[PDB]
Every structure is written in C-alpha cells, then in structure tokens.
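Single-structure report; data block below.
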Amino acid sequence: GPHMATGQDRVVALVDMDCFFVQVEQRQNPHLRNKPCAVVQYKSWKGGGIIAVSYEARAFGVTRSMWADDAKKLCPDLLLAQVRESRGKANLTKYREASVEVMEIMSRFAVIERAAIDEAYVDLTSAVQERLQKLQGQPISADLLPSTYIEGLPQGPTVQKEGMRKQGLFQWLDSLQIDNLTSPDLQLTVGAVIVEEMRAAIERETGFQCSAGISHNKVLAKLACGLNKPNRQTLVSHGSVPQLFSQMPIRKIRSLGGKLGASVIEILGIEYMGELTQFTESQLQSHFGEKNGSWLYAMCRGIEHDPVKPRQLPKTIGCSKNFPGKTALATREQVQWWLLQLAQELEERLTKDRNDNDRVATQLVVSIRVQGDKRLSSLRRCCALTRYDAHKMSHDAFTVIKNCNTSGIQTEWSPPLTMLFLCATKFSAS
DNA sequence: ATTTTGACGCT
Ligand SMILES: Nc1ncnc2c1ncn2[C@H]1C[C@H](O)[C@@H](COP(=O)(O)OP(=O)(O)OP(=O)(O)O)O1
Ligand SMILES: [Ca+2]
Ligand SMILES: [K+]
C-alpha cells in the first residue's frame, strides 16, 4: 500500500496533427478545405497511392495504403493533392518544413520529443508546477478546457456528443481537490489546460488542428490521444486505467501492435490489456524476457517510465525508393543513376540541415532489397560520410553494394534490386 | 505495386 508505486510522478502529453499532409495541402489550396480529400504519391499506377485522408473522406471508407482509383470507387467526389516529385521520386520537403513550424511552436511551452513528422511527446511536469503556483488555489473553470474529454466520465446516476463531453468534464471538475498541489489528478488537469493553450497557439500561428492525449506517461498519453479525434484532447487519469484497460485489445498499446503483442495473446490466452494483471512479474519475464516482462507488468497497471527525450530534430536523414515488379533494377547503369538521384536529394537535405542545426552527419548507410526477398531490407552496409557531395556519396554506396551483384555480365545486375536506401546518421556538432 | 520515411533493441 504505502510503498506501491503508482506511476503518477509526471504529466506527459502526446500531440498528433490531424491528417497532417492533408492539412498542409488544404492550407495551401483553399478549394480543398472542408472537403473529402486525400494526398497521393505518384499517379500512373492505379491513380497513385493514398498516404493521408481527410476526415470527410474517411467517412466514405477511404484509407491510407489504398489506391486512388479504388478510393474513387468509394468516394467519387474525392479530391486529391499530389506529393511533389523531384529527381524521379516523391519529395516530402513541404511536410517536413510544416512539421518544423509546429514543433517550434510546441517547444515554446515545454520540452518535446519529436516522435514522427506530425507527432511529439511533451513533458509538462515543470510547466504544471509553475502554473499551479500561479493559480494559488483558484479553481479551474470548464471554460479553460473547451475541447477536453475526461476518459471514463460521465458515469453514474443529453444524447449529443458535446453534451456528454461537458457532463463528464463537469463531474471531473466538481470532484477535483484544488487545494492539494501534489494531487496527480489536479496536475493532469492543469496539464490539459496548458495543452489547450498549446493547441490554440498552433492553430492560430499555422492554421493546423491537432488532437492530444494527457496522462502520466507516454504510452497512456498516446492511447488517450486517439480516443477523441479530430481536433479534441483526452485526459486519461490513473484511476481511469482499470476500466479503460478491461476491454482494451492488447494490440492498441504502443509497441504491442506487432509480433510481441500477438505472442502475449497467444501464449497467455488473453485478449485485453487488463487481463495482464493476473500474472506475476516473474511469469511475464519467463515468457517475454526480463525487459518486456517487467514492462508489461508495470504497463498493465498504467505505469511506464520511458522519459520524454529532449530531441526536437530527427537523428537520421534518409532517402529511399522502391522499384516494384517489372521496374526492378536489372542493369548497373540503372542502379548507379538511382543511387545518384537519392544522393542528390540527400545532399540537398544535409546541406540545409548543416546550416539550420549546426551539425554534420558522419556515417552513410546503404540498404538494398533483392527481388524475391520478403524482408524489407536484404542488405545493409555503411561507409564514411566525409563530404556533402552527391557524386561521392553515390559512388561510395555503389562501392559498398556492388559485390552483391550475382550476374557474370558486368553491365547487368542480378538479382534485380527492388529497393534502394541511403541514410545519413551519426551526427556531430559543427 | 503501398511508398517513404524514422527510432530502437538484439547479438
Ligand atoms: N504509412 C505511411 N506511408 C506514408 N506516409 C505516411 C504513412 N503514415 C503516415 N504518413 C504520413 C502522412 C500523414 O499525414 C502523416 C501523419 O501520419 P498519421 O498520424 O498516421 O496520420 P494522419 O496525420 O494523416 O491522420 P490522423 O488524424 O489520424 O492522425 O505521416
Ligand atoms: Ca496525425
Ligand atoms: K499517428
């Protein structure tokens, strides 16, 4: 009891831009705003592959990974914006720069960990302490939380969505103990106030809307974020975890969406996160390893300790292209030309990165996939990255991979290459 | 024939 940790020591948010690439294109082209629309890369093969979908179009069943021709079958009036193409490949620069806009705004409020192009974790513990000092026992008005849901409420003894939201928020605020500055529920509530302010600032200064989760750790904040989308935020309190987890499929928890989550389900014969509480820590370590077992034992109780890392910039800068089916690279000239295209984009982005961020990459990673291999990467080799020069980087990549060619004819390449990948890594300050 | 990314763990 008095010594049992409860994982209530931090306030952590996860901010997720809503359908981000779509919003970037809608800001640029007002004709696309408030319409069913999607972002597509390439156009020749089946109308192009959809990579982002507005919520209006999701209502028709349009999803990412879908071909645009098929999406048009579900949504005949679907509007499309195309990813820019440069040097023969999709170029994501517009979205990376929009991401920087948002991340720099978020960084004014607190330390952020860039989780993806449109996702950041936020460590709010210190900001919440300061705001609590400013408030001086003053109660928190529901007006300060105009887009916040409290997971699990309302409960106990209106048929509209906003009415339910307000009822749950009212119950939560009515129960709060505003006089205890160490109260974890109060701390989460102040965190939610700050996140409302952050999201307002993002929308005012960029036009972009986002959703957010607020809880005591990254996994719960990420889970909370997806409960009420778009353009809303959700507070998941420690006390909400038993009911929330009691029907929560294991695969919905971050890092359990793949093979490990499948093995948890299969070996233990369970379906929901809460069922994990019935195993000892040693049982879980015996099945899943020391690290995973301890992590699951704590996580099914709502407890997780992974820190928000102070990192606003990506650790790697990479460029890749697939060559599916008939397009697989079968000559040496082809392989070298595409290595050159990838290296030119990489040099452009690296030079910009060096000027913006006072750092230099020192390692070049080359990855390839051969036709027939089911794995995404068949081979990975590295060489020194000593000059931001595309011809040198492409020549070096060719040198490290050229011995993979089985073909006895020098001009021909076999087995054909279905993927090329150049990644600059190992940054040092400059 | 999703494609193009990015982070981290194991050995
Ligand atoms: N599998 C993918 N392939 C290519 N691009 C992707 C892929 N997944 C995501 N992206 C890009 C496009 C998205 O706008 C952006 C953010 O991804 P993601 O958060 O999963 O969806 P989303 O922002 O489009 O919608 P949501 O509102 O549900 O968050 O990253
Ligand atoms: Ca998103
Ligand atoms: K996401």
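Each chain gets a letter, A, B and so on, in the order its sequence line appears, and its residues count up from 1. Side chains are part of it too, since the values below use all heavy atoms of this structure and drop only hydrogens, waters and symmetry mates.
- Atoms CD (A/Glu290) and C1' (B/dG9) sit 14 Å apart, rounded to a whole Å.
- Between the side chain of A/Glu333 and the main chain of A/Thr411, no donor-acceptor pair closer than 3.5 Å is present.
- Distance from the side chain of A/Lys321 is smallest to B/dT4 among B/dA1, B/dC8, B/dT4.
- Of the charged side-chain nitrogens involved, at least one lies within less than 4.0 Å of a carboxylate oxygen, so that A/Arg131 and A/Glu197 count as a salt-bridged pair.
- Between the side chains of A/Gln41 and A/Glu85, not a single donor N or O lies within less than 3.5 Å of an accepting N or O.
- Of the inter-residue distances, the one linking A/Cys37 atom SG with A/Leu78 atom CG reads 7.5 Å to the nearest 0.5 angstrom.
- The heavy-atom pair separating A/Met66 from A/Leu74 by the smallest distance is CE-CD1, 3.9 Å.
- The aromatic rings of A/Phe21 and A/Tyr95 sit parallel to each other, their planes meeting at less than 30°, with 60° as the upper class boundary.
- Listed by residue number, the members of residues 340-359 of chain A with any heavy atom below 4.0 angstrom from DNA chain B are A/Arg349.
- Distance, A/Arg380 CZ to B/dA7 P: 14 Å, rounded to whole Å.
- Nucleotide B/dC8 holds its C1' atom 13 Å from the NZ atom of A/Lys426, rounded to whole Å.
- A salt bridge links A/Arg27 with A/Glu101: at least one charged nitrogen is closer than 4.0 Å to a carboxylate oxygen.
- Residue-to-nucleotide proximity on DNA chain B shows that, of A/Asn322 and A/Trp45, the 5′-proximal contact is made by A/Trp45.
- Contact annotation: A/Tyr95 side-chain N/O to B/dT5 OP1/OP2 distance is not under 4.0 Å.
- Nucleic acid contact class of A/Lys291 (heavy atoms, under 4.0 Å, all strands): sugar-phosphate only.
- Between B/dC8 and A/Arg311, a contact under 4.0 Å exists linking OP1 or OP2 to a side-chain N or O.
- Judged by distance alone, with hydrogens and angles left aside, the side-chain atoms of A/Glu345 form no donor-acceptor pair with the main-chain N or O of A/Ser86 at under 3.5 Å.
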### Task
Apply salt bridge (charged side-chain N to carboxylate O under 4.0 Å, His left out) to the pair A/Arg349 and A/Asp353, showing each step before the final yes or no.
CA-CA 6 Å; A/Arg349 287 164 56 189; A/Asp353 183 75; over 6 Å; no
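- Following rounding to the nearest Å, A/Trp295 (CH2) and B/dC8 (P) show an atom-to-atom distance of 15 Å.
- Protein atom CD1 of A/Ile117 is 10 Å distant from nucleotide atom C1' of B/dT4, rounded to whole Å.
- Following rounding to the nearest Å, A/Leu313 (CG) and B/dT5 (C1') show an atom-to-atom distance of 17 Å.
- Between the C1' atom of B/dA7 and the CD atom of A/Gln312 lies a distance of 17 Å, rounded to the nearest Å.
- What separates CG of A/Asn292 from P of B/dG9 is a distance of 11 Å, to the nearest Å.
- Of all the residues in residues 414-422 of chain A, not one reaches under 4.0 Å from DNA chain B with any non-hydrogen atom.
- Residue contacts for A/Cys423: at a heavy-atom cut-off of 4.0 Å it reaches no nucleic acid atom on any strand shown.
- Across residues 72-93 of chain A, A/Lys89, A/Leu92 each have a non-hydrogen atom less than 4.0 Å from an atom of DNA chain B (numbered order).
- Under 4.0 Å is where a charged nitrogen must lie from a carboxylate oxygen, and between A/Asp69 and A/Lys72 no such pair does.
- In summary, A/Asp18 and A/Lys229 do not engage in a salt bridge, as defined by a charged side-chain N under 4.0 Å from a carboxylate O.
- Contact check, A/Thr316 against B/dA7: a side-chain N or O comes under 4.0 Å of OP1 or OP2.
- A/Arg165 contributes a side-chain N or O that, together with a main-chain N or O of A/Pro146, makes up a donor-acceptor pair within less than 3.5 Å.
- Between A/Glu304 and A/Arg254 there is no salt bridge, since no side-chain N of the basic residue sits under 4.0 Å from a carboxylate O of the acidic one.
- Distances were taken from every side-chain heavy atom of A/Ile51 (C-beta onward) to each of B/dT3, B/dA7, B/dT5; the shortest belongs to B/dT3.
- In terms of position along DNA chain B, the nucleotide closest to A/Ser320 lies nearer the 5' end than the nucleotide closest to the other residue of the pair A/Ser320 and A/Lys309.
- The A/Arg96 side chain lies nearest to B/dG6 when the options are B/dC8, B/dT4, B/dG6.
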